[PDB]
């Protein structure tokens, strides 16, 4: 098929692969400094602001915690 299901616009370029959680939530970091949690249907579940661009994919722990590094120098642990 190859058609578009949906698109979600962030404020700046996305430089790292998205990560999919166990429940289907798609997590993606943007150069706009936010980590976005997007539902399978394309709506926004939540966004988490860091002070600078996120250049690397987040990882998910056993309990669902999402860990992501930021250019602001912090490692964040986010409740899913």
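Residue numbers count along the first chain shown, from 1.
- Per-stretch averaging of Cα B factors for 69-77 and 2-10 places 2-10 on top.
- Split the chain's modelled residues into thirds by C-alpha temperature factor. Residue 51 is in the lowest one.
- Ranked against the other modelled residues of its chain, the C-alpha B-factor of residue 32 as given in the entry falls in the middle third.
- Per-chain ranking of the deposited C-alpha B factor places residue 58 in the lowest third.
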